[PDB]
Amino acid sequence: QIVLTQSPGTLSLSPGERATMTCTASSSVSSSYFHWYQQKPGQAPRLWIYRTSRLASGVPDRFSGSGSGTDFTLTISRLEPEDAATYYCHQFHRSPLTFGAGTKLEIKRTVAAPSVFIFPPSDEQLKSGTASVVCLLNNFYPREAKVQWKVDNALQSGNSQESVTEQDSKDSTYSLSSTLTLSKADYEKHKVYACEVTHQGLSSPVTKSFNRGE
């Protein structure tokens, strides 16, 4: 098996900077059989560089591929936000075909504060006996955000779930969703539902709240 050792595993760089990722093959691979693929979360891999240095259709000039024998490199001369993805090396020289473990390229951008939104449970869901309250932190950077739930000014613990998106391909921001789930009976026992967000881009924590019904 021609093992492909790809490095680094992760790369975090600012736009305009130079990105470099290497692939070291255990045995010599002919240059016509060495390729790179770009994969964004939720999508199929996309051919990026083929035959070591040829750019696939739609691949911008800032991408460059080089190498021979057992050493190959993918270079991005001046990073753009749309370059955030995982890249994989590949050999088509000897069976079985092998790929590298990937290099996930993260883009460092300026500090962006989250736009906070709060959603009360729907009347359709309340009818079924459950109440889920969603707090949305939109387009922020860095991904480190702290979301606290408060029901009548009482800090909640143990009844919520967070989920963060992949980095956005246009603005390099992240988005976060926090869902506080309570039974319909427990939802009715309180009046003020609030989520408080703490982020590097906020000088003071932001609070989005609603009064049950009102």
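Numbering starts at 1 and runs along the sequence shown.
The mean C-alpha temperature factor is higher for 179 to 187 when 33 to 41 and 179 to 187 are set side by side. In this entry, 103 to 111 has the higher mean Cα B-factor, the comparison being between 82 to 90 and 103 to 111.
Among the modelled residues of its chain, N159 has a C-alpha B-factor that falls in the middle third, as given in the PDB entry. In the deposited entry, the Cα temperature factor of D168 sits in the bottom third of values across the chain's modelled residues.
Per the deposited record, the Cα B-factor of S77 falls in the highest third when ranked against the other modelled residues of its chain. Split the chain's modelled residues into thirds by C-alpha temperature factor. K150 is in the highest one.
Remark: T5 belongs to the lowest third of its chain, ranked by C-alpha B-factor as recorded.
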